[PDB]
Structures are given as C-alpha cells and as structure tokens.
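A.B. asks: I need the structure of the sequence given here:
(4 chains)
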Amino acid sequence: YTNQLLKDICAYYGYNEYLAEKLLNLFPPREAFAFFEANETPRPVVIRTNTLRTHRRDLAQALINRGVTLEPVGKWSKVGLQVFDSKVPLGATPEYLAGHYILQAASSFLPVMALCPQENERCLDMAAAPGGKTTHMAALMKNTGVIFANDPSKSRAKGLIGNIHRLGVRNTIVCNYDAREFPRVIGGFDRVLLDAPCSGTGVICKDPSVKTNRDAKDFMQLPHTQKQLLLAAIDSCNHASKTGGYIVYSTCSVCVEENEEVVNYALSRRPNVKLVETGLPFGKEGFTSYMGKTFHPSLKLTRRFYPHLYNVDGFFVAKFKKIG
Amino acid sequence: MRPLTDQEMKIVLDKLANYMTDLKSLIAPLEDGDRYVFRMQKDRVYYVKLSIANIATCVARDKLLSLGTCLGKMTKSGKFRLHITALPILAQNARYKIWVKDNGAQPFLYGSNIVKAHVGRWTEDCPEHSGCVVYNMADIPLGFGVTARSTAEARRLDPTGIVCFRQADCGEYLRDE
RNA sequence: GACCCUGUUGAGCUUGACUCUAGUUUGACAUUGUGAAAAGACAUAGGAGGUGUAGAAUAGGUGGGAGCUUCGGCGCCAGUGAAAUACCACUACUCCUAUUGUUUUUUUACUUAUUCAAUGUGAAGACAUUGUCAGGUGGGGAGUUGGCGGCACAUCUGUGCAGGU
RNA sequence: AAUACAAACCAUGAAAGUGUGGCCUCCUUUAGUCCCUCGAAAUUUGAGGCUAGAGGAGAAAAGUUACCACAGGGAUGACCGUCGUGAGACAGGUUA
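C.D. replies: Numbers count the residues shown, from 1 in each chain, chains lettered A, B, ... in the order given. The protein structure is shown below:
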C-alpha cells in the first residue's frame, strides 16, 4: 500500500515523513526507488578548465602525466572533465595552485551554458557562493565586460575572492548586498543570473541535513524568499539592448513547490516576461499542472535534471526574456 | 566613498613603480575615454575603471565589500602593501622577471624562499634590493619579491643560499576558502 | 627555561557623530522627425486544444444531474485518481491562419530636431547632445553639539473644568 | 544594617483612652499589539508601522588582544658591530 511503502522508506532510509510524502507524490515508486538509490550514492567530481589560461587537451595531458584519471563529460561540455582517481591531491597540484582549473559539480556546469554571455556585456550574479559560476561567464566572454556578484555572508565572501583572483577574472565586482536591494540601488543590467537558495533536496550527498532538518515552515518561507528574488531578477534585467540579454533562474531543489511555481507567478504577474528555449541538449519536460494549479503551458521548454538517468546532481533551470 | 589623497596616492605610486615600469600604460585615456582610476575601500585599495566606479558609487559604503580587482591594503603606520591579488596587473608589464623550475616552484608555492637550485634561467642587470616578479618555466605568474643580492653576486655564491625573498604566493588563495 | 610586564612592529576586530550638498549617481520622460525594410504585442472572425501520476482514456475548470437515450454504447455501480466521466449552460487562457486594423521596437536613407564651422550662410546629423523629475551615496565642502507638593489667592489667554504672570 | 512584631518613650486629654511615620521610578538587542499597511497563501504566515524591558569633539586617528618578531624589566658555542627591515649576510673583528 501507499502508507506501507511510506513507512518502509522512512524506517529504512531515514527520510522525514512529510518529505517522503512529497517525493512519493512527485514520482512513481519505481522512479522513486532509483531516486533514493541515486542520491545516497556519492556524486562524481568534475573539473572545469580555464579557457582564459589553457585548453582542454593541454590540461588533460598534464593531469595524465601527473597521474589523474580523466574522462570528458559527454559531448555537451567541451570545457569539462571527470575525475576517477588521482594519486596527487587535486588541491596541491601545480595546475590548481596556478589556477588552470576549478572543482565543481554538474549542477555548477549547467546554468552558465544556459546563459550566453558575450563580449563587452553587463552581467549580474546575485548568488555565486562557490564562485565557479562567475568565472565561467568570464571564460565564455574572454574577460570583456562588467560583472556584478552578490553574496549574503562574509564567510563565503572571503571564500570566493580566493577563488576568482586565483582564476584571474579581473573585472568582477563582488560585495555584500541583499538581492532584493540590488535593482533599486543599481539596476540596469543586460543579463542576470540567479542561483536561488532552496531546501537543497536535489543534493543530499553533499548536504545530509536535508533528509531530516526540513520542517513545514521551510517549504513555505524559501518559496516565498525566492519569489522576491525573481521579482528582483526581472526588475534588474533590461528590456532592450544592442545584445539580447536574458534572465536565467537556477536552483538545487526537486520539489514542485520550488520549481515551475515561482516562475509561473512571475510570468502571470508581469506580462513583459517571455520564456524561450534554453538551448540545452538533455533535460526533462515541465509539468503543465501538478497539484490543482494550472500553470502556463509554455513551460515545456523548462528543463530539469535528475540523478538516476544522468550522473548529475538534482537541478532546475529556466530562461526568460524581457519585452518591456 | 572617496578617492586617493595626496600622500596616499604618492606612497601607492611609490611602491607600485618600484615594481612597475610603465605607469602611463596602466592608467591612460583609452579608445572609449574610460580610465583606470584608483579606488580604495575600508583601508584597502583597488584598481578599477572609471565606468566601473560610476556604477558602484550608487551604493552605500557599508554594503559594498570589494570593487574590481584589489591591489593591497594600508596598515596603521601608513605604509603600503601590494598583494598577490595585484599579480595579473603586476606580471602583465613586469620589469624584472625570474623563472623558477617545477621542483623549486613547489616550495615557492608552499611558502619557502627562492634557492639558487630553484631558478632555471635569469634576467640581466638586476640590482641588490630591486623588486622582481617570479615566473616558472611556462611563464605562469607565481609571485613576487625582493632579491637578496645582485646578478653577479648570485653567480659566485653557494647554490644553497637564498636568492629572492618570498613575499606573496598563491597560498592566500588557499587560505581564503 | 617555561611564566608575567613595558616600548616598537605586524595580524587584526570595532569605531571614527548629526543634517544638507559638490564630486557624483541609477531609472524613466521630452527635444528626437519623414519614408522604406522588417519583427513583437494589443482589435477581430475562425480550426484545434488539455498525460507528473494512475485510471480502459490526452481529466480544461465551474453549476446542477443520475438515462435526456439516435445505441443499452456509455450513464449507474466499481476500481484509480486533488478533481470521473451521460447530458446542457458558462468562460479562462494557449498553438496558429488571415486581416477587419491599432500600437511598440531595430536598421537603413534624407534633412525638418539637435549641435558645430563661418559669424554679420553652410556642415555632421536623427548617432550623439541638452533639460526635467522619482531614487542611492557622500568622512571632500557648509552649519550644530530621582521623586511629583497643596488649584490656598489676584490679573490676562482660553472664550464649572483649564493655562500664563 | 534594613524590615516585621512586641515593649518602652513621646503628644493630647481631668480621666477614659486615643494617636502616629503615603505611592512611584537616533539606532542596537528583545517580546507583544497578530492591531493597521504591503504581499504571499484554496483561508494561514512573511516584512514594515505601533507598543514596552535594556544600552550608548568625529577624519585627525584612536581602543583592545592569555597573538607574532625585536629590545628592556621582574621571578625561579656568545657578544661589539657594518650593511638592509616585510625577511637577513659577513675574511669584520683584539694576535702571530
């Protein structure tokens, strides 16, 4: 029965009862069992090289000579490799100390390829705590333009300044604002990128506290929190520019209370926002209506990432275009 | 929000030109007219463009943390510091360059000083206390420091002696994580 | 020796007032046109919509209602689903076609706006450029820094209850 | 010592006895009005306003650290140097 499967999952795996009810309603039990096996399995660690410093086959040759087992990540990423084993530690190697590459997950890869930063462009990243997201747009734009990065906490603000200046971006302004306070103070940005904080249900191998420390107050405040973030995101973006800017929304949650519901509110409230295809090869179709709520049927182009079909973390990406 | 004052820009340009040869090239009227105007915040200086400063002067002082790329900070005594954050600016138009080998760059990146066995090849006409920039065999900018002696005295000294004094490296990047 | 104290040097953390404002500055407005090329969004008349899951089924949704039946097909019952189906009433939007049209935006061309040369008519040209507010910063500049008694009297404001001398 | 109570004393009255020494005390941290506004949410919350427990000479530079280096004081190979202070070196040192 449904209740018997819920009790067996909670006892054997340790999930919260309300979180297990959400995941069982989200997916069929055959897909849910693969999901519970995938997120308990540790995720692979991938390497993103610096295009401003070297190229992929140069770093691959260097790490092979140093003793690092490598494999390129499919055909959709010319900048990434996957780590199997490494005799030398990755943090103490000369390449990482010089800044030839950076360490990230597959969730950090995707929303920057979703964006298309060009040369001499103005870009915003209201949440770039690991700092690899801000570096990759600089890698794509070849260090041409102005970049703004926002961060809420000092501890991760001092963390990323060690990362960016190691990688050598040289044109990004990082700070400690509120993302809701960003468009009123400065505004007027061509491109905006938002990695909205959420429950973190997509990645539980990195964050095991999501399995238990998520009460009913959390799934009400964080969707309301990112609702004001996307309202700030659409206010920062410019409607018209010489180079077409876009709004990219990303989060590490798998539940529908964080995915395809906030972007439906922003689409319904502001008619100037239109969503286009993000140009992404692999992904999952958006749901037209899930829990008694009719969303806009254009969300089929909105992509999702699940841990069992691909060796990626739980992720969700959306793309928007401003008209007026 | 304020710019560099008279003495404060004097000491900044004193320590910069001790490691810089073309200060005219770094701050000059560009094609668009934008200039690389200096900037300081919380007793920590920065190197930004003017158009960067306009889109950053709209912000309250306490909310802003950094701006552009950093050059260094000032102590309580008033002396100037140049950091490893200023290395891409420093290595771009370097006056004196010293190249160290891979078996010598690893102690250099750990925090050890430069030994005569560490260096592969050399520049010429380097004085005793002149500043210099430290590179590897592959022209990767590693760090900077003041040499212990001149070029000719480095030839006639023991290979186990300290050659160039290590000031900063990429360990500050590893420290801040 | 450990240990404690003093002076200098670094690592720091915090402060370095209040109100305006230069330096500034974000966004929008008008100056700022005329044609051509297009694109988007709003006026319409129409064709068709609808799956995360399960349910035989691709479930708009809402109100009734258990055969109007052309048929016992499906209604009914029953699983399965937040929502169950026959029927007849409603409107939300969507993918589009065309025009029965309104706007908006980009590019090009020309001078009619703008600005320069001559200076008592010419040119670049709708790019710039100027003015207007709604916000932000401002350390530089200007200004500043333990108790309550008692209505116990006379005159004025208030204009028995009050206040001022 | 304060305080409570008792006794003594004191004031009045001829006696009888009676009699006495109030009620209070700009922002930052915290809780409530779940009151009002702005939102979200198929009906419950989020942010402000309001209320109440407590704190507070100015750009020249300051305060403080079971902290680092150097020098000095106290208590139970090693120096005078010269050359640099962001770190250090010496065919220079009183004999043959």
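A.B. asks: what about the strands in the chain?
C.D. replies: Went with chain A since none was named. A:46-49, A:68-72, A:80-86, A:101-104, A:121-125, A:145-150, A:172-175, A:191-195, A:247-251, A:273-274, A:303-305, A:315-322 (DSSP state E).
A.B. asks: nope, chain B
C.D. replies: Using DSSP E, the strands found in chain B span residues B:38-41, B:44-47, B:69-73, B:97-100, B:119-121, B:131-135, B:141-147, B:164-168.
A.B. asks: give me the sheet partners of the fourth one and which way each runs.
C.D. replies: The reference is to strand B:97-100. In the sheet, strand B:97-100 lines up against strand B:119-121 (antiparallel), strand B:131-135 (parallel) (DSSP bridges).
A.B. asks: of those strands, which is nearest RNA strand D?
C.D. replies: RNA strand D lies closest to strand B:131-135 among the strands paired with strand B:97-100, at 7.9 Å (C-beta to the nearest atom of the strand). All C-beta atoms are positioned from the backbone trio N, CA, C, and that covers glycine.
A.B. asks: tell me the angle the longest helix seen in chain B makes with strand B:69-73.
C.D. replies: Assignment by DSSP state H gives helix B:6-17 as the longest helix of chain B. Here the directions of helix B:6-17 and strand B:69-73 differ by 110 degrees (axes from the mean of the first three to the mean of the last three C-alpha atoms, to 10 degrees).
A.B. asks: so which bits of helix B:6-17 are buried?
C.D. replies: B:8, B:12-13, B:15-16 (16 or more other C-beta atoms under 10 Å in any protein chain shown).
A.B. asks: contacting residues for residue A:146?
C.D. replies: A:121-123, A:171, A:173, B:51-52, B:55 (C-beta atoms under 8 Å, 6 or more residues apart in numbering or on different chains).
A.B. asks: ok, which residues in chain B are in contact with chain A?
C.D. replies: Residues of chain B lying close to chain A (C-beta under 8 Å from any C-beta of the partner chain) are B:48, B:51-52, B:55-56, B:58-60, B:63-70, B:84-85, B:88-89, B:102, B:105-106, B:109, B:140, B:142, B:170, B:172-177.
A.B. asks: count the residues that sit near the residue of chain A found nearest RNA strand D.
C.D. replies: Proximity of chain A to RNA strand D (C-beta to the nearest atom of the strand) peaks at residue A:292, 2.3 Å away. The local packing of residue A:292 (other C-beta atoms under 10 Å in any protein chain shown) involves 5 other residues.
A.B. asks: which residues sit in contact with residue A:69?
C.D. replies: Contacts of residue A:69 (C-beta under 8 Å, 6+ apart): A:83-86.
A.B. asks: interface residues of chain A facing chain B?
C.D. replies: A:91, A:94, A:97-99, A:146, A:151, A:154, A:157-159, A:161-163, A:165-166, A:168, A:170-171, A:173-177, A:181, A:185-186.
A.B. asks: and those residues, which of them are buried?
C.D. replies: Buried among the residues of chain A next to chain B by 16+ other C-beta under 10 Å: A:94, A:97-99, A:146, A:151, A:157, A:159, A:161-163, A:165-166, A:168, A:170-171, A:173-175, A:177, A:186.
A.B. asks: can you sort out which of these also neighbour RNA strand C?
C.D. replies: residue A:186 (C-beta under 7 Å from any atom of the strand).
A.B. asks: go through the strands of chain B and name the closest to residue A:288.
C.D. replies: strand B:69-73 (47.2 Å; C-beta to C-beta).
A.B. asks: dump the strands of chain B to a markdown table, plus distance to residue A:320 and mean neighbour count.
C.D. replies: As requested, the strands of chain B are exported to a markdown table (distance: least, C-beta to C-beta, whole Å; neighbours: other C-beta atoms under 10 Å in any protein chain shown):
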| stretch | distance to residue A:320 | mean neighbour count |
| --- | --- | --- |
| strand B:38-41 | 33 | 21 |
| strand B:44-47 | 33 | 22 |
| strand B:69-73 | 31 | 20 |
| strand B:97-100 | 48 | 22 |
| strand B:119-121 | 53 | 14 |
| strand B:131-135 | 45 | 23 |
| strand B:141-147 | 40 | 22 |
| strand B:164-168 | 43 | 20 |
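A.B. asks: mind putting these into TSV with distance to residue A:262?
C.D. replies: Below are the strands of chain B laid out as TSV (distance: least, C-beta to C-beta, whole Å):
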stretch	distance to residue A:262
strand B:38-41	35
strand B:44-47	36
strand B:69-73	35
strand B:97-100	53
strand B:119-121	57
strand B:131-135	49
strand B:141-147	44
strand B:164-168	44
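A.B. asks: closest one to RNA strand D among these?
C.D. replies: Across the strands of chain B, RNA strand D has its closest neighbour in strand B:164-168 (3.3 Å, C-beta to the nearest atom of the strand).
A.B. asks: could you pull out the helices for the chain?
C.D. replies: You didn't pick a chain, so chain A it is. Counting by DSSP H, the helices of chain A are A:2-13, A:17-26, A:29-40, A:56-66, A:94-98, A:106-114, A:132-141, A:154-167, A:182-185, A:218-236, A:262-269.
A.B. asks: that's the wrong chain, I meant chain B
C.D. replies: B:6-17, B:23-26, B:50-54, B:87-92, B:102-110, B:151-155, B:171-175.
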